Amino acid sequence: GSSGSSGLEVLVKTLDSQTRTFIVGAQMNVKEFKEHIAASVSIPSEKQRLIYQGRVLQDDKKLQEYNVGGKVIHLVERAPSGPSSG
């Protein structure tokens with residue numbers, strides 16, 4: 001889905017060199033975004049924690065606000081992630 005080139009791009013680099021571009025509404029908030037990618041990343045927001053410039057992106061805050069458009073954010077997963085995984 002997702003038609004027309006209208007939206008803000010947001011990348012996410014996990015702790016395994018894995019950048020994933022995401023197109024969400026600039027209006028969207030950090031939290032929401034987490035819930036959105038939460039699907040792809042497969043990680044829950046409450047577990048997620050977008051970090052940029054060594055700072056923890058606020059939930060109430062929005063991506064645009066930070067200006068992470070086409071930028072690479074650093075998402076972290078709570079608890080010690082498993083090596084094998086699956």
# chains A, B, ... in the order shown; residues from 1 in each chain; ligands from 1
>>> closest_atom_pairs(of="stretch 52-79 of chain A", to="stretch 2-18 of chain A", cutoff="12 Å", atoms="only C-alpha atoms", output="CSV")
residue,atom,partner,partner_atom,distance
A:52,CA,A:12,CA,10.3
A:62,CA,A:8,CA,11.3
A:63,CA,A:10,CA,8.0
A:64,CA,A:8,CA,7.7
A:65,CA,A:8,CA,11.5
A:66,CA,A:10,CA,11.1
A:67,CA,A:10,CA,9.4
A:68,CA,A:10,CA,6.2
A:69,CA,A:9,CA,5.1
A:70,CA,A:9,CA,4.7
A:71,CA,A:11,CA,5.8
A:72,CA,A:11,CA,4.6
A:73,CA,A:12,CA,4.9
A:74,CA,A:13,CA,5.3
A:75,CA,A:14,CA,5.6
A:76,CA,A:14,CA,6.7
A:77,CA,A:14,CA,8.6
A:78,CA,A:15,CA,11.9
>>> write_last_selection(atoms="N, CA, C and O atoms", output="PDB file, in the first residue's frame")
ATOM      1  N   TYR A  52      18.880   9.353  19.808  1.00  0.00           N
ATOM      2  CA  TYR A  52      19.523  10.179  18.801  1.00  0.00           C
ATOM      3  C   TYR A  52      20.452  11.209  19.449  1.00  0.00           C
ATOM      4  O   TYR A  52      20.042  11.943  20.347  1.00  0.00           O
ATOM      5  N   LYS A  62       7.739  14.231  18.860  1.00  0.00           N
ATOM      6  CA  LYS A  62       7.504  13.700  17.528  1.00  0.00           C
ATOM      7  C   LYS A  62       8.833  13.612  16.776  1.00  0.00           C
ATOM      8  O   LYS A  62       9.791  14.303  17.118  1.00  0.00           O
ATOM      9  N   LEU A  63       8.848  12.755  15.765  1.00  0.00           N
ATOM     10  CA  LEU A  63      10.045  12.566  14.962  1.00  0.00           C
ATOM     11  C   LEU A  63      10.464  13.908  14.358  1.00  0.00           C
ATOM     12  O   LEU A  63      11.577  14.377  14.593  1.00  0.00           O
ATOM     13  N   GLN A  64       9.552  14.488  13.593  1.00  0.00           N
ATOM     14  CA  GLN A  64       9.813  15.767  12.954  1.00  0.00           C
ATOM     15  C   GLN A  64      10.483  16.726  13.940  1.00  0.00           C
ATOM     16  O   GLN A  64      11.535  17.291  13.645  1.00  0.00           O
ATOM     17  N   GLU A  65       9.847  16.880  15.091  1.00  0.00           N
ATOM     18  CA  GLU A  65      10.367  17.760  16.123  1.00  0.00           C
ATOM     19  C   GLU A  65      11.889  17.629  16.214  1.00  0.00           C
ATOM     20  O   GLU A  65      12.602  18.631  16.221  1.00  0.00           O
ATOM     21  N   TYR A  66      12.340  16.385  16.283  1.00  0.00           N
ATOM     22  CA  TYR A  66      13.763  16.110  16.374  1.00  0.00           C
ATOM     23  C   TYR A  66      14.452  16.329  15.024  1.00  0.00           C
ATOM     24  O   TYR A  66      15.619  16.714  14.974  1.00  0.00           O
ATOM     25  N   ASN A  67      13.700  16.071  13.964  1.00  0.00           N
ATOM     26  CA  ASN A  67      14.222  16.235  12.619  1.00  0.00           C
ATOM     27  C   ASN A  67      15.042  15.000  12.241  1.00  0.00           C
ATOM     28  O   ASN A  67      16.157  15.122  11.736  1.00  0.00           O
ATOM     29  N   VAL A  68      14.459  13.839  12.502  1.00  0.00           N
ATOM     30  CA  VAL A  68      15.122  12.583  12.196  1.00  0.00           C
ATOM     31  C   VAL A  68      14.734  12.136  10.784  1.00  0.00           C
ATOM     32  O   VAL A  68      14.880  10.965  10.438  1.00  0.00           O
ATOM     33  N   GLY A  69      14.245  13.094  10.009  1.00  0.00           N
ATOM     34  CA  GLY A  69      13.835  12.814   8.643  1.00  0.00           C
ATOM     35  C   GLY A  69      15.014  12.306   7.809  1.00  0.00           C
ATOM     36  O   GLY A  69      16.014  13.004   7.654  1.00  0.00           O
ATOM     37  N   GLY A  70      14.854  11.096   7.295  1.00  0.00           N
ATOM     38  CA  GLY A  70      15.892  10.486   6.481  1.00  0.00           C
ATOM     39  C   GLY A  70      17.167  10.259   7.297  1.00  0.00           C
ATOM     40  O   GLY A  70      18.218   9.946   6.740  1.00  0.00           O
ATOM     41  N   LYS A  71      17.031  10.426   8.605  1.00  0.00           N
ATOM     42  CA  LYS A  71      18.159  10.243   9.503  1.00  0.00           C
ATOM     43  C   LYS A  71      18.151   8.810  10.038  1.00  0.00           C
ATOM     44  O   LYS A  71      17.157   8.099   9.906  1.00  0.00           O
ATOM     45  N   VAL A  72      19.273   8.428  10.631  1.00  0.00           N
ATOM     46  CA  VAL A  72      19.408   7.092  11.186  1.00  0.00           C
ATOM     47  C   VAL A  72      19.354   7.172  12.713  1.00  0.00           C
ATOM     48  O   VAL A  72      20.277   7.684  13.345  1.00  0.00           O
ATOM     49  N   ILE A  73      18.263   6.657  13.262  1.00  0.00           N
ATOM     50  CA  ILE A  73      18.077   6.663  14.703  1.00  0.00           C
ATOM     51  C   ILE A  73      18.671   5.384  15.295  1.00  0.00           C
ATOM     52  O   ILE A  73      18.918   4.418  14.575  1.00  0.00           O
ATOM     53  N   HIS A  74      18.883   5.418  16.603  1.00  0.00           N
ATOM     54  CA  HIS A  74      19.443   4.273  17.301  1.00  0.00           C
ATOM     55  C   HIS A  74      18.414   3.720  18.287  1.00  0.00           C
ATOM     56  O   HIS A  74      18.247   4.256  19.382  1.00  0.00           O
ATOM     57  N   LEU A  75      17.751   2.653  17.865  1.00  0.00           N
ATOM     58  CA  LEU A  75      16.742   2.021  18.698  1.00  0.00           C
ATOM     59  C   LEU A  75      17.404   0.951  19.569  1.00  0.00           C
ATOM     60  O   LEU A  75      18.275   0.218  19.105  1.00  0.00           O
ATOM     61  N   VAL A  76      16.965   0.895  20.819  1.00  0.00           N
ATOM     62  CA  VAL A  76      17.504  -0.071  21.759  1.00  0.00           C
ATOM     63  C   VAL A  76      16.359  -0.909  22.334  1.00  0.00           C
ATOM     64  O   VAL A  76      15.267  -0.396  22.570  1.00  0.00           O
ATOM     65  N   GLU A  77      16.650  -2.185  22.543  1.00  0.00           N
ATOM     66  CA  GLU A  77      15.659  -3.099  23.085  1.00  0.00           C
ATOM     67  C   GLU A  77      15.981  -3.425  24.545  1.00  0.00           C
ATOM     68  O   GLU A  77      17.078  -3.889  24.854  1.00  0.00           O
ATOM     69  N   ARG A  78      15.005  -3.169  25.405  1.00  0.00           N
ATOM     70  CA  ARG A  78      15.171  -3.430  26.824  1.00  0.00           C
ATOM     71  C   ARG A  78      15.596  -4.882  27.051  1.00  0.00           C
ATOM     72  O   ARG A  78      15.434  -5.725  26.170  1.00  0.00           O
TER      73      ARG A  78
END
>>> atom_distance(atom1="atom CA of residue A:36", atom2="atom CA of residue A:82")
22.5 Å
>>> select_by_dssp(residues="stretch 4-81 of chain A", states="alpha helix (DSSP H)", output="ChimeraX atom specification")
/A:30-41,63-66
>>> write_last_selection(atoms="N, CA and C atoms", output="compact mmCIF listing (two decimals), in the first residue's frame")
# COMPACT_ATOMS: atom_id res chain seq x y z
N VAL A 30 6.76 10.05 18.60
CA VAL A 30 7.79 9.04 18.80
C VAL A 30 7.13 7.72 19.20
N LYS A 31 6.29 7.81 20.22
CA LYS A 31 5.59 6.63 20.71
C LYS A 31 4.97 5.88 19.54
N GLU A 32 3.98 6.51 18.92
CA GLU A 32 3.30 5.91 17.79
C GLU A 32 4.31 5.22 16.87
N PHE A 33 5.23 6.01 16.35
CA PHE A 33 6.26 5.48 15.46
C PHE A 33 6.78 4.14 15.97
N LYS A 34 7.05 4.09 17.27
CA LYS A 34 7.55 2.88 17.88
C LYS A 34 6.55 1.74 17.66
N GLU A 35 5.28 2.07 17.83
CA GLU A 35 4.22 1.09 17.65
C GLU A 35 4.14 0.66 16.19
N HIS A 36 4.47 1.60 15.31
CA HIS A 36 4.44 1.33 13.88
C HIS A 36 5.55 0.35 13.52
N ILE A 37 6.78 0.77 13.81
CA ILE A 37 7.94 -0.06 13.53
C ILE A 37 7.92 -1.29 14.43
N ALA A 38 7.30 -1.13 15.59
CA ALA A 38 7.20 -2.21 16.55
C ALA A 38 6.86 -3.51 15.81
N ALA A 39 6.13 -3.36 14.72
CA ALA A 39 5.73 -4.50 13.92
C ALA A 39 6.96 -5.10 13.23
N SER A 40 7.63 -4.25 12.46
CA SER A 40 8.83 -4.67 11.75
C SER A 40 9.89 -5.14 12.74
N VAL A 41 10.32 -4.21 13.59
CA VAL A 41 11.33 -4.51 14.58
C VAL A 41 10.88 -5.71 15.42
N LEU A 63 8.85 12.76 15.76
CA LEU A 63 10.04 12.57 14.96
C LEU A 63 10.46 13.91 14.36
N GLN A 64 9.55 14.49 13.59
CA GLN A 64 9.81 15.77 12.95
C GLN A 64 10.48 16.73 13.94
N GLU A 65 9.85 16.88 15.09
CA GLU A 65 10.37 17.76 16.12
C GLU A 65 11.89 17.63 16.21
N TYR A 66 12.34 16.39 16.28
CA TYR A 66 13.76 16.11 16.37
C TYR A 66 14.45 16.33 15.02
